[PDB]
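Asker: experimental structure and its sequence below.
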Amino acid sequence: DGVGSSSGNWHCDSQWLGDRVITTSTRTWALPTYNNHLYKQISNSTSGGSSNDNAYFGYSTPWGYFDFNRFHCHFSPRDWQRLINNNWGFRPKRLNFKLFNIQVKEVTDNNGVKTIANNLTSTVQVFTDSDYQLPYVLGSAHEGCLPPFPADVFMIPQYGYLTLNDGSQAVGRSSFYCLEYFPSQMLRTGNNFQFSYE
Amino acid sequence: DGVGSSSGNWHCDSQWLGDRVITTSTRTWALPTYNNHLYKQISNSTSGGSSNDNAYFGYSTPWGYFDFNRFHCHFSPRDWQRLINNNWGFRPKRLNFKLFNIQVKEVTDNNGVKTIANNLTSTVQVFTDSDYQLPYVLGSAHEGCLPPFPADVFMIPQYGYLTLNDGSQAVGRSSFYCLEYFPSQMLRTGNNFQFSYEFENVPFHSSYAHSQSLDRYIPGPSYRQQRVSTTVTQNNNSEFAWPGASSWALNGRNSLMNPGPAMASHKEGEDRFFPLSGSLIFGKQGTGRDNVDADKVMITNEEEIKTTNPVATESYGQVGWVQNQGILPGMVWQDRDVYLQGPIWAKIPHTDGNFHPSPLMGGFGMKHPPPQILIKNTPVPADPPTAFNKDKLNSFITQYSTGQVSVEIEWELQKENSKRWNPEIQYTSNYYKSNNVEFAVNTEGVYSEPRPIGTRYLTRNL
Amino acid sequence: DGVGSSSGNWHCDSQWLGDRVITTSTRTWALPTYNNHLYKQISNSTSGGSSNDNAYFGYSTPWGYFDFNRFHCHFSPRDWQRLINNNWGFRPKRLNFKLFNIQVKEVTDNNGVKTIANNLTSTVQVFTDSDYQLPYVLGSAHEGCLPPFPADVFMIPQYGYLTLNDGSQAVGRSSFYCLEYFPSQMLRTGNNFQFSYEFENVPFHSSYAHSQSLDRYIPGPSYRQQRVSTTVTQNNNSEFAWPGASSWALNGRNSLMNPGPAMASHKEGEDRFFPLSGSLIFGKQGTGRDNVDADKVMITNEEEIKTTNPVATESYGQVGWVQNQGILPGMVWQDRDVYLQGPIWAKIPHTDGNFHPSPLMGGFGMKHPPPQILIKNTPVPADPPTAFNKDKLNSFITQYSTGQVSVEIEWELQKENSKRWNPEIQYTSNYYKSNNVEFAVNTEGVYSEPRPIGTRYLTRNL
Amino acid sequence: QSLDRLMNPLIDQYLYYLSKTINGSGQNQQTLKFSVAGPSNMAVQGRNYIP
Amino acid sequence: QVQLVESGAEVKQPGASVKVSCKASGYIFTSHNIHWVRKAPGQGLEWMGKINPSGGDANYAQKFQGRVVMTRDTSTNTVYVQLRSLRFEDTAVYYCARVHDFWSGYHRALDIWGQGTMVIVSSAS
Amino acid sequence: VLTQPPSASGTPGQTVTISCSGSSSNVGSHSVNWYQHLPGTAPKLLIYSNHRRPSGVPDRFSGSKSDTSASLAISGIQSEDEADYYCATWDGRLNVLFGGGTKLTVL
């Protein structure tokens, strides 16, 4: 729409209708620029033998990802207390994700003092793998979740993934997934992004 | 549309549909200010080479230009596998090119610092030569391709062109094009630029290696090449690097034969010999510019055509030997093989006549190949002095402009129909372990390609 | 429309349709702040009454004015060849103007470093005089014209005018215009501007030389110029430039007749001799502004018109010699030629009479020529005090503006019918090898026109 | 206004004039020195109309 | 091999500013940050802050937030700290070290240090 | 920087030539103006925009400008008329320039 008019509104609420529930949550996120925009190979060889079972190989891309995978990102401790006491069972049905009010910054340092300044035009890329083509890393219970408390501005974790290896050395049946290779919407300070899933 | 609303979106995908393919690719780009906003003139002297062979004349212009001419730009080493294994040949149909999200930064230089700030109002000029009026540089296999690995951010190459010359001096026929005299589009930070193209119908590229040798008609034309051995004790201890090479000559200037009409690299079973100037020798990643030694350059080989085309280190026969042979009637031959790093098209020069125009380095020769795309920053003049001076302004604001670039080509395929009973050769990775994954980024962060890839794998009856 | 959106599109083109031509050349301009936003009287003080002819009284203004009034703006040296070889006569039809991408830069100071920052909300006044109420200064072939080479940013010349004077003092019949006092359109950083003009009906130019001579109706007027020789030795050993001068007194101030009624510059077979002031003169590239040597300037010889016109160095006839002849029943004559570098039009002054209004320097006469275009910045005052002070604000921010300017002029042609069995005299390049293609930038990047180009080549009957 | 003065006082004409036919007193001193015509000396400038 | 080279020493009297140079030879030089550790006699190591090579923007330290200024240059491949107001108190051997991650995203340490630099600050000529 | 010779010799009752050699970007485009400087006092404007002179300037000065050089003619040199004489021109967008300067010698 434009630079000056907001791209969304702040919804954090929970609305209990009969046998179903709608729990919405909205937080602030700062995403730094990881790996200087450079995909790189990671492995621990700290010794020629390294560690028997702790050896690993993989890459570490610049993309960050969103982990809401934890219960306390969606529930206020009351709404949980309301949930466990009065109910035998529950289950998710649909998820709605809206990402708005992008604000880009430019860190310039002059004469010993570094001063942040809005870079209006610069853009932010985002996409949702809906074919589950990338490695799925949300399943390992990693930190980096949305924060439990709405007033907490949080920072976005880095996405990197692992692959087949023998020792610290890969093998041809490893594969290197470029994330640049997927189509991804670009966003400036005016745009938002939204999608739903069943 | 406007400042805050993104103009166009990142598209990078491959869509495999039936008999036809679509490979879209995107990249990010920065455009400096070349030649300080000045058309200039260049000779060998300004460069300093005094030879007659290397004499040239011509101009070098501010305008930048995009080059996607190389396969590795559109195809990802996955596809170029899936592309070759499964198919008896291909050719392009439609190329679509876009350019969006312009941004303009005005570098400021202080006593010890230079701070970058946006100049929103500043503009960028772009146009495409669809009438093929300008000289066409994309046919020389120049550097400056879109990078192969999408997260890279590539610098746009300058645009300059050679014209006719006698020594370093021109002749009255030598002509000078001023690009500003071409209508172009002006893009502020909100505008985008996109067009489409249609590849004129060409023969499919032939991807296959004849199972059955011709002598089991006649083989095709031949022009010999001095045989150089990667065993450097075998090679004669003499400076035959320049004197030895065959060289087609024009206007009194000897030009090396690079590579020359397609011929086999070496006799079957001898893999360590190669034509001195016959085969393309790609630089490995990390290779310097000059005086490199052997292992820093990959060397292609034409072995798959050793059935039809005669060996480039051998004589075509006897009549006394015959070192060169032109076309006889009833000949057959196959063209040179396109590689993952190699070019895609070149432009058939405009003549009254030519024979079998498909270029030598490989690819699809065309009389209306895809237009060039030239680009520059419309210069913002620095503050003039309060009283007129007839001169042209010599002081400008130092800028560069960055953005995105994306290109979508539609390749068409030809299926493999063979009734052969036993299995084929297929191109594949080597399972055996290594400190790095081939065709992928190392710990340092620099993307490397270990090996060339030919397109000839499946076989056809001759 | 917005800051982010480009307000126009670069057009430079030449389109050749039948009997008509189209020429659009878009160039880049830069406008400073003249006189710190003060209309100021100027006057010529000079000596104590030694030089009386050089007196002038007039006003200087902030407004800069776009002067495209010279040909080489609109035609490219290729087209001028195309245009002159094939077409007996031509003349413009439709003028059109589009002024866009106005940017108002705000040069400032930052504790020792100059800073050219953006001012978005500052404005740019512009307006056309379609009613010709103002003095018309495009008439004297002044400097500040659009650059011949497209890629050179130019700078807008200042505007100022003169009026009646007795000596350096003004007179009660004088007129002080104020340009603010016109309705003017304020273009802020996003807007653009345009207007359209229909050239009043003018006689075709004549590009041709008579294949026949009038001796073989009496030749035209003559007013004799002293005859100068390009070889210095032949010339008289005295300083006779002022004394030699052919002058016409108006109001007791002797003004040198320049260039003078159209006549042949020299007799056939005497190329070196040239009229003192009859011929138009140009500078070469970067030629000094005072007292430069002969080969530093270009001297255009009118010879093409000699047949019908009396020579400019010879007396008219006998009765005693006739030095100056006016008009007699049965005279015919040819116009003064036009040049690639020479003006297009002039304004026929407002009078109860005129004769053959065609302006002397060449080109076309008009009563209502294509209007003037005046563009000044809008003053932005520095922070005024708290305690109201009736004096006007004398302290302003420093600004300047930059942008595009485009002009589209529809030209008409008069086709070649000739039956001449032997081939014409065509303009052409010379083939002989040289260090710089003519009309092309050199190593430095300066663009230089080596030779003036006159439009008379073809031949018609007398 | 007035016919000979219609010009703009602030700008040079690209046209020229012959300013000097001599360097200075002596034998064989003739020379041709061209100069630009502009606001300082206006009576040598090229004009389009005559009384 | 990965190497970091401070320049030679200078002697500058209080109130003078002295920049120091660090040449990063043998690596990409934009992917790794460069930290300036200082040691004044009889005092522990002290961190003057880091510059982000490619970024050009620096993060200074609480104590040195005012006086220290950091600048770099990719072309000459070197980075500069400029200590504008030298004092007797600010007499130290200056080091430039780089963060080195040992080929793992998780770990951060200063693996390569320069040979050294010593600033002798005293008004006495 | 423009070049003009360091010294000018003289004798009472002569004229002295003083010359300043510019370039196509310096004196070529714009005029030269000549200053008297009499060390200890403010520079003084003798010749500006070639031949024309300021109301105070004695008649005895005449400057003249060639294509690339500027010449200063001082009529009636006098003992008191000696001073360091400078060349000045407008080059670049608008910056003023000065020739090295030359000290007359009256004897």
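Answerer: It's in. Numbering: from 1, shown residues only, chains lettered A, B, ... in the order given.

Asker: what about the residue of chain E found nearest chain F, neighbour count?
Answerer: Taking Cβ to the nearest Cβ as the measure, the point where chain E comes nearest chain F is residue E:75, at 28.0 Å. To be clear about C-beta, it is placed using only N, CA and C from the backbone, and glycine gets the same treatment. Using other Cβ atoms under 10 Å in any protein chain shown, residue E:75 has 5 neighbouring residues.

Asker: any idea how far stretch A:190-198 is from the chain center?
Answerer: On the basis of Cα atoms, centre = their mean, to the nearest Å, the separation between the geometric centre of stretch A:190-198 and that of its chain is 14 Å.

Asker: check which residues of that stretch are buried.
Answerer: For stretch A:190-198, burial by neighbour count (16 or more other Cβ atoms under 10 Å in any protein chain shown) applies to A:190-191, A:193.

Asker: show me which residues of chain A sit near chain C.
Answerer: With Cβ under 8 Å from any Cβ of the partner chain as the criterion, chain A does not come near chain C at any residue.

Asker: centroid residue for chain A?
Answerer: Nearest to the geometric centre of chain A sits residue A:66, at 1.8 Å (Cα atoms, centre = their mean).

Asker: how about chain F?
Answerer: For chain F, the residue nearest the mean C-alpha position is residue F:34 (3.4 Å; Cα atoms, centre = their mean).

Asker: so is the helix or strand hosting that one next to chain C?
Answerer: Secondary structure assignment for residue F:34, by DSSP states H and E: strand F:32-37. No - no part of strand F:32-37 sits close enough to chain C to count as contact by Cβ under 8 Å from any Cβ; the gap is at least 9.7 Å.

Asker: tell me the contacts of residue E:92?
Answerer: Neighbour list for residue E:92: E:38-41, E:46, E:118-119 [criterion: Cβ atoms under 8 Å, 6 or more residues apart in numbering or on different chains].

Asker: can you lay out those residues as JSON lines showing secondary structure?
Answerer: Formatted as JSON lines, the contacts of residue E:92 follow (DSSP: H, G, I helix; E, B strand; the rest coil):
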{"residue": "E:38", "secondary structure": "strand"}
{"residue": "E:39", "secondary structure": "strand"}
{"residue": "E:40", "secondary structure": "coil"}
{"residue": "E:41", "secondary structure": "coil"}
{"residue": "E:46", "secondary structure": "strand"}
{"residue": "E:118", "secondary structure": "strand"}
{"residue": "E:119", "secondary structure": "strand"}
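
Asker: any of those buried? List them.
Answerer: Burial of the contacts of residue E:92 was assessed by neighbour count (16+ other Cβ under 10 Å); the buried members are E:38, E:119.

Asker: any idea which helix or strand comes after the strand holding residue F:34?
Answerer: On the C-terminal side of strand F:32-37, the nearest following helix or strand under DSSP H and E is strand F:44-47.

Asker: which residues are in contact with that following strand?
Answerer: By Cβ under 8 Å, 6+ apart, the surrounding residues in contact with strand F:44-47 are F:32-38, F:53-54, F:57, F:61-63, F:72, F:85.

Asker: what about the residues you listed, which one has the most neighbours?
Answerer: In terms of neighbour count, residue F:32 stands highest of these at 28 neighbours, by other Cβ under 10 Å.

Asker: show me the beta-bridge partners of that residue.
Answerer: residue F:89 (DSSP bridges).

Asker: from residue B:394, how far off is it?
Answerer: Residue F:32 sits 21 Å away from residue B:394 when distances are taken as Cβ to Cβ, to the nearest Å.

Asker: pull the CA atoms of the strand holding residue F:34 into PDB?
Answerer: The C-alpha trace of strand F:32-37 is given here as PDB (Å, rounded to 0.1, in the frame of the first residue of the first chain):
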ATOM      1  CA  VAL F  32      42.800  36.600 -16.600                       C
ATOM      2  CA  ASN F  33      43.000  39.500 -14.200                       C
ATOM      3  CA  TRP F  34      46.200  40.900 -12.800                       C
ATOM      4  CA  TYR F  35      46.800  42.000  -9.300                       C
ATOM      5  CA  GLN F  36      49.400  44.300  -7.800                       C
ATOM      6  CA  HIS F  37      50.600  43.100  -4.400                       C
END
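
Asker: elements contacting that strand?
Answerer: In terms of contacts (3 or more Cβ pairs under 8 Å, 6 or more residues apart in numbering or on different chains; DSSP states H and E), strand F:32-37 is packed against strand F:16-21, strand F:44-47, strand F:61-65, strand F:69-74, strand F:84-90.

Asker: A strand includes residue A:85, no?
Answerer: No - if the criterion is three-state DSSP, then residue A:85 is helix and not within a strand.

Asker: list the contacts of it.
Answerer: Residue A:85 makes no contacts at all, as judged by Cβ under 8 Å, 6+ apart.
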